[PDB]
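**Q** A structural model of the following input is requested.
(chains A, B, C and D, ligands or ions: 4)
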Amino acid sequence: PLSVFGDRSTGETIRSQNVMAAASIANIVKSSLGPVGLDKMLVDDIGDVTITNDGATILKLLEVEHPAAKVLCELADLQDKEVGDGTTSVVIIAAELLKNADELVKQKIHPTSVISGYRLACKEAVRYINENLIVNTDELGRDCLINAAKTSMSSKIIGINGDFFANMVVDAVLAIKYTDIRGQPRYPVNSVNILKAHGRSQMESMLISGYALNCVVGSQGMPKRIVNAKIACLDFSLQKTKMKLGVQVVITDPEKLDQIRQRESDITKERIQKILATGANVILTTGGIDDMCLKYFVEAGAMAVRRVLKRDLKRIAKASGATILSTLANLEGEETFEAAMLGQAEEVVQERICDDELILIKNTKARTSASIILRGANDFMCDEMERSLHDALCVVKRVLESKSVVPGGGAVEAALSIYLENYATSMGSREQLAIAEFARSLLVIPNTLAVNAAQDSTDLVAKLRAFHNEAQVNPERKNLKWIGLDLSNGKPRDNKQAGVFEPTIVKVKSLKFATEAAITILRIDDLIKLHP
Amino acid sequence: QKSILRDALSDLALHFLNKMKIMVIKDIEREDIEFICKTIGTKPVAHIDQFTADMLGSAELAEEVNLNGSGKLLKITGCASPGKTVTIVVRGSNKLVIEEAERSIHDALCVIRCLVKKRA
Amino acid sequence: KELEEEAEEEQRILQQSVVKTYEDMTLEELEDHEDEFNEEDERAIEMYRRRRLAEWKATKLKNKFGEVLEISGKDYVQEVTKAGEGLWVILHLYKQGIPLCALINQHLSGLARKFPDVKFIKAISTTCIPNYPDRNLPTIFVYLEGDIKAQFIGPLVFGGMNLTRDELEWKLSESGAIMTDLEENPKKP
Amino acid sequence: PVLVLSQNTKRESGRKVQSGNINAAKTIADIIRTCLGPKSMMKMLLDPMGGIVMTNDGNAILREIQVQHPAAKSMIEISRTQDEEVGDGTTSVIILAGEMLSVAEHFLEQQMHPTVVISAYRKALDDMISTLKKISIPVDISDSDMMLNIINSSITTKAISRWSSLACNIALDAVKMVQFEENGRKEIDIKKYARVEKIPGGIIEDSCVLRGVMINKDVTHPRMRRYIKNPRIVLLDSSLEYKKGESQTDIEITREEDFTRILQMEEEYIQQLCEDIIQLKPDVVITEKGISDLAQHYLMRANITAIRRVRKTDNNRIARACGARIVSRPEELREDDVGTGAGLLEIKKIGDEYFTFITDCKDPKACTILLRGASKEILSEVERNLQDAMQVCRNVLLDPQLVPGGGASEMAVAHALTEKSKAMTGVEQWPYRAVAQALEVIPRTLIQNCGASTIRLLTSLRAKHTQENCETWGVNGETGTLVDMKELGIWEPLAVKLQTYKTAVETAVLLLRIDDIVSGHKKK
Ligand SMILES: Nc1ncnc2c1ncn2[C@@H]1O[C@H](COP(=O)(O)OP(=O)(O)O)[C@@H](O)[C@H]1O
Ligand SMILES: Nc1ncnc2c1ncn2[C@@H]1O[C@H](COP(=O)(O)OP(=O)(O)O)[C@@H](O)[C@H]1O
Ligand SMILES: [Mg+2]
Ligand SMILES: [Mg+2]
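**A** Numbering: from 1, shown residues only, chains lettered A, B, ... in the order given. Ligands and ions are numbered 1, 2, ... in the order given. The structure is reproduced below:
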């Protein structure tokens, strides 16, 4: 037969194998979904343990050796990059509707028909979400962001603490207002520095109205607090000026030797006076600082920080109005330092933490900045808190940029499922079957929700379907369409009035990514695995 | 241009260029210089004395575009001397669908090529 | 950096490999510590110092080359065979082909500077070997005394453009050249 | 063959793993349950490196224990957290966490979801912090008697308790000697400037904190004076011999009068550096690097004592004590950088070593504890207890609040929030009372450790601890009786107790939110 020197799996076998792999990944990630599902606890080969709940971290830490599951892992990572929320939901959707599509294929329906049905159903679902399922976050101000942060943090380790967290979260985002094209506000998240500390309880997490770099004063004798900080950000090491790789000195008469040695320090020394000739009070540099330069700084009464990270220094320079300098060289041929390139900070203090010390730059003059310090029981709790905080910041950013949200708690999924079941009667073709299946697939998210809470999921999803049917078939009952299941009493309640909202970006991107992942994994007809 | 054996950009040089409010781009492969010249209309410069405005390409806009947090691109749009050259950028969820889309687009281009070759 | 106390320094020295065991230093740190060494064995440490000084002066006596010297086919026989007893050469056969000759030429100068102990010689292929094929653009044919000791002919053998500064040291030394101050086989990546 | 995940990946899920997690914590809570109280029992730990740690505190026990169960790893991290943050209450927080998990397991079995238990735990934590702040009493910082009493309360449960009347004083002195005012604001209290050094052999009560600094160095040259009455100390960071530099120089000599001229140039450079040091008239010079023979000769000709290489931390504490300042370039050695105030410098001999003391200095801001004992392990335990006392003293100087000890505060807050819970209704009240009786373990642990019967004693304590402002009533663990802590006189900083409660509840939350484990795979 074939001379390939490899393993060939053709027909229903490979389709079933791919569906099994996708279902395996989905079932792995599915136990940690919703405001009731718990979190997982991954231990490595060496032994280091991470306590995680978000799907992206779980799927990146896990190692997978099946392509039909590597695609799901890549889908989760892509959802994390593009949006930041709904990493588990998109994987669940993709795998479950892939299983439904394989079931459809098993009745000898051609996979091209089911792919076309999925594509048309996704387009129609996105259109319906955009038209009849969004609410503008314009009349609701300062509270839609809080509700979005709360519902994004509900499933995390800081769930019921959200009232304390969500508030400060939006404050952080409100400290990173930016203007780019003179009329479009921008929120460059990841500019808020998140710091770890394992001291006091969760209520003691600090929201600093100014950057908090994680470094220490260069020398102990230098003052650790500055009343009025004139920051001079630098991007070059203050070490003795070794000449060059090419330039090398050669001495013929010793009388000229010792003098050049003095210069080997004096150049550096000279630079320092220039920097201190303008009253610079705090010095931040990415390069190292030798002992002599530290002595100059301590004798001048100004604190200096060495080996500051490039991103931290960039953010400090942007926030304080300082200009980062790679070298001292003006448009003329002479070294100089100008007072116009010193940032102003109202305070700079080396504050003690649980066991170490970190530097707070408070009330930078140019533009308001913010940083967050997370206090927890130990390292694992703090890192999980940091991941949850990143998810919350991403959600708030998405809400602010795109002023539109949709009801949460499976409201959008139930509405789309009932609409798509009511859909597929437009064309009247065989492909409509695929659309119908897609509808049923969009019932996976509410179901598993009630599965995690040990509630009667069939009755709950039936009640949601009935309420959305009443909303769709009766125009005056449209207010019923904003309803989703609730865990405190296992009851379908209006989440629009309850305060559970998710940015529409999450739902739209998850739907599109899931349907295209299912399409690209469904086209497979046979697998040919070559021998290593 | 990407120049091994000699740092094409130094800290002092980049500092001066940024001071004069200019945009600097480095690490350009030697194989792409013909494509760049045919696209935007510049001419290669290997000596400072030969660097003049008579051999300096022009464009309506130069942008650094972010693809929603999934990389960064440089786009030169509105070249005053549009050459016989266009570029295609593809988007996709995973690598596999992107590769397959590239192959399909190449097949369509080859079909149009055959139709151009002999008209039948 | 060094904001660490006696207990922390002991923890670090124990964790690094085992301990410096006061026997494996050069003229720099055994000279600078100078006080941790207990005084009941002054004769032993002084004998070790005198033997290490003898070793250093012997090494500096045979370190006399410093930089690569380039030769033609005339004297090639003498610097390939009569280079000296106990000395081996490099014999980089190079052309004006940009990539590999350029990278190796820039790296061999640094290697010769940091190894003044081994002879570095480079020759052009046209006038060193009669009608060399010139497709195998790199050619470092290491001679131990006058015989074969190693050979690198293909750019694939080096790995192409992806050549760093100091992995060439390991590539030459694997054949039995002077020892390396660096670990790992393919210099990490 | 065909696999989805890795071959070595193992997965566990369901109530099973939950039970395991709880059990893990209990096991960690079972090792050091007998170390709590004034009647504690020492434990011996064998290091993998051959050492021995003979200790009582929980953190020093757990840091030498390696566990492959990740829940126990979390518990060890919690112990280290409590040790680093406050320095006290390790055993209390670990026991509290263990019993909170042990009592949450019961609700986990009765088909109750962990989320409601977590919510009730957080509510209980907030309420216990509130009612623990309620019963606090202020402490007079200026009063040294109460400071000594607080340190005694913190030290009565360790091995050095027999020398408490000494040890407390030591700690107090050090903590009241490091207290410093930085530039304007930012009062500080750092233990980098409070060194404890062990000298084996001698008498335990011979230990004392020196009004200055002690280091283990010797005078560079025999002729230099080993007894300086009123030193003028100058501190040097750089070296005092001739160094090549950074660039490659390669001086070329063609004349007959350049080699000897080069050597004489080196000698004259050393002479110039030493004359620059000398001209400002110092008396003791401390350097972090080497000293050339010419350097010490020139310094000696000016009657200056030179101390060779000193570790940077020792130099920093010397500078903080004498009021001097470290200078790297001697030609810039200013008058203000010279250290005056050192009352005496003495190069003494202890055992078979030379030790340099800069003691008797005026108003120092750095201290060194001459801790003399009988053995290395004995001294290690003594200095651990001194560190605990120092941390407690710092906590009470940074927090003027106090709270009754001996399980009195724990029972008080337990009863307070029990009476609070008796009014509310719902399903979360049961975990609330579970936490209420969970804070009850430490009094029971004390009664068990002292050798008395916990049932009747604790029943009487709980019954009497209900009426007429008896929130200060606790157990005396020396006699195993019920006393009023005011007469017994044992109080603990509020910071330690609140941190203990917070850390225990947070550890309970962390190990109770978890229901799946995936073990075995590559790092990333
Ligand atoms: N308080 C709440 N009540 C009901 N449903 C909620 C609540 N908070 C979140 N949800 C729902 O839980 C679902 C899962 O979200 P989650 O798993 O936390 O995000 P991710 O998928 O990024 O981990 C969301 O679709 C959301 O609608
Ligand atoms: N004489 C005493 N009688 C009864 N209880 C005491 C006495 N001394 C201390 N205690 C109690 O014992 C506890 C001290 O135990 P300790 O070993 O310090 O715990 P940890 O190791 O966690 O710091 C304190 O909470 C205090 O209330
Ligand atoms: Mg989420
Ligand atoms: Mg204690």
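**Q** where exactly do the strands run in chain B?
**A** With strands called from DSSP state E, chain B shows them at B:59-66, B:72-79.
**Q** Turn these into TSV, columns for distance to residue D:308.
**A** In this view, the C-beta of every residue, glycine as well, is placed from N, C-alpha and C. Putting these into TSV (distance: least, CB to CB, whole Å) gives the following:
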stretch	distance to residue D:308
strand B:59-66	58
strand B:72-79	56
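**Q** Turn those into CSV, including mean neighbour count.
**A** Below are the strands of chain B laid out as CSV (neighbours: other CB atoms under 10 Å in any protein chain shown):
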stretch, mean neighbour count
strand B:59-66, 11
strand B:72-79, 12
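**Q** Of these, which is nearest chain C?
**A** Nearest to chain C among the strands of chain B is strand B:72-79 (23.3 Å), distances taken as CB to the nearest CB.
**Q** out of the strands of chain B, nearest to residue D:147?
**A** strand B:59-66 (60.2 Å; CB to CB).
**Q** show me the biggest helix of chain C in terms of residues.
**A** When chain C is parsed with DSSP state H, its longest helix is helix C:42-62.
**Q** Enumerate the positions of that one that are buried.
**A** Using 16 or more other CB atoms under 10 Å in any protein chain shown as the test for burial, helix C:42-62 gives no buried residues.
**Q** circling back to that earlier point, let's have the strands of chain B in CSV, adding distance to ligand 2.
**A** Converted to CSV, the strands of chain B look like this (distance: least, CB to the nearest ligand atom, whole Å):
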stretch, distance to ligand 2
strand B:59-66, 53
strand B:72-79, 54
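**Q** Could I get the ones you listed in CSV, plus columns for distance to chain A?
**A** Output for the strands of chain B, formatted as CSV (distance: least, CB to the nearest CB, whole Å):
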stretch, distance to chain A
strand B:59-66, 11
strand B:72-79, 13
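**Q** Ok, which of the ones you listed comes nearest residue D:2?
**A** Closest to residue D:2 of these is strand B:72-79 (CB to CB; 39.6 Å).
**Q** Compute the inter-axis angle for the closest one and strand B:59-66.
**A** When axes from the mean of the first three to the mean of the last three CA atoms, to 10 degrees is applied, the directions of strand B:72-79 and strand B:59-66 differ by 160 degrees.
**Q** who does strand B:72-79 pair up with?
**A** Paired neighbours of strand B:72-79 in the sheet (DSSP bridges): strand B:59-66 (antiparallel).
**Q** Looking only at the host helix or strand of residue A:391, what residues are buried by neighbour count?
**A** Using DSSP states H and E, residue A:391 sits within helix A:379-401. Using 16+ other CB under 10 Å as the test for burial, helix A:379-401 gives A:379-400.
**Q** ok so, going back, quick one: closest of the strands of chain B to residue D:217.
**A** Proximity to residue D:217 (CB to CB) singles out strand B:72-79 among the strands of chain B, at 57.4 Å.
**Q** residues near residue A:499, how many?
**A** Counted with other CB atoms under 10 Å in any protein chain shown, the neighbours of residue A:499 add up to 15.
**Q** whoops, I mixed them up, residue B:82
**A** For residue B:82, the neighbour count with other CB under 10 Å is 11.
**Q** One more: residue A:162?
**A** Neighbour count of residue A:162, defined by other CB under 10 Å: 21.
**Q** Not counting its neighbours along the chain, what's nearest it?
**A** Computed as CB to CB, 6 or more residues apart in numbering or on different chains, the closest residue to residue A:162 that is not its neighbour in sequence is residue A:150, at 4.1 Å.
**Q** Quick check: that neighbour vs residue A:499, distance?
**A** Distance of residue A:150 to residue A:499, computed by CB to CB, to the nearest Å: 8 Å.
**Q** Over to residue C:12?
**A** 54 Å.
**Q** how about the strands in the stretch 51-200 of chain A?
**A** Along the stretch 51-200 of chain A, counting by DSSP state E, counting those that start in this stretch, strands occupy A:135-136, A:178-179, A:185-186, A:193-197.
**Q** Please work out which of the ones you listed is packed deepest.
**A** strand A:193-197 (a mean of 20; mean count of other CB atoms under 10 Å in any protein chain shown).
**Q** Which single residue of chain C ends up nearest ligand 1?
**A** The nearest approach of chain C to ligand 1 comes at residue C:189, 34.7 Å away (CB to the nearest ligand atom).
**Q** So that residue, which state does it fall into?
**A** Using DSSP: H, G, I helix; E, B strand; the rest coil, the structure places residue C:189 in coil.
**Q** Nearest to the spatial middle of chain B, which residue is it?
**A** Most central in chain B under CA atoms, centre = their mean is residue B:36, positioned 5.5 Å from the mean C-alpha point.
**Q** Test my guess that that residue contacts residue B:43.
**A** No: counting by CB atoms under 8 Å, residue B:36 does not reach residue B:43; the two are 10.2 Å apart.
**Q** re earlier: let me see the contact set for the nearest residue to the residue nearest to the centre of chain B once chain neighbours are set aside.
**A** With sequence-adjacent residues excluded and distances taken as CB to CB, 6+ apart, residue B:36 is closest to residue B:42, at 6.5 Å. For residue B:42, the contacting residues are B:36, B:55, B:56, B:57, by CB atoms under 8 Å, 6 or more residues apart in numbering or on different chains.
**Q** which residues does the closest residue in space to the second one that isn't next to it in sequence contact?
**A** Which is residue B:55. With CB to CB, 6+ apart as the criterion, residue B:55 has its nearest non-adjacent residue at 4.1 Å, and that residue is residue B:43. Contacts for residue B:43 were tallied using CB under 8 Å, 6+ apart; they are B:37, B:55, B:57.
**Q** Same question for residue A:24.
**A** Contact partners of residue A:24, counting by CB under 8 Å, 6+ apart, are A:69, D:4, D:5.
**Q** separation between the last one and ligand 1?
**A** Distance of residue D:5 to ligand 1, given as CB to the nearest ligand atom, to the nearest Å: 21 Å.
**Q** Any idea how many residues pack against that residue?
**A** Residue D:5, neighbours per other CB under 10 Å, totals 21.
**Q** next structured bit after the helix or strand containing residue A:461?
**A** In the assignment (DSSP H and E), residue A:461 maps to helix A:457-473. Using DSSP H and E, the helix or strand that follows helix A:457-473 in sequence is strand A:483-486.
**Q** and that next one, is it in reach of chain D?
**A** No: against chain D, strand A:483-486 shows no contacts by CB under 8 Å from any CB of the partner chain, the least distance being 13.5 Å.
**Q** Now that strand: buried residues?
**A** By 16+ other CB under 10 Å, the buried positions in strand A:483-486 come out as A:483, A:484, A:485, A:486.
**Q** Okay, now the sheet partners of it, with direction.
**A** strand A:491-494 (antiparallel).
**Q** Kindly spell out which helices and strands sit in contact with the following helix or strand past the partner strand.
**A** Per DSSP H and E, the first helix or strand lying C-terminal to strand A:491-494 is helix A:495-498. Applying 3 or more CB pairs under 8 Å, 6 or more residues apart in numbering or on different chains; DSSP states H and E, one finds that helix A:495-498 contacts strand A:483-486.
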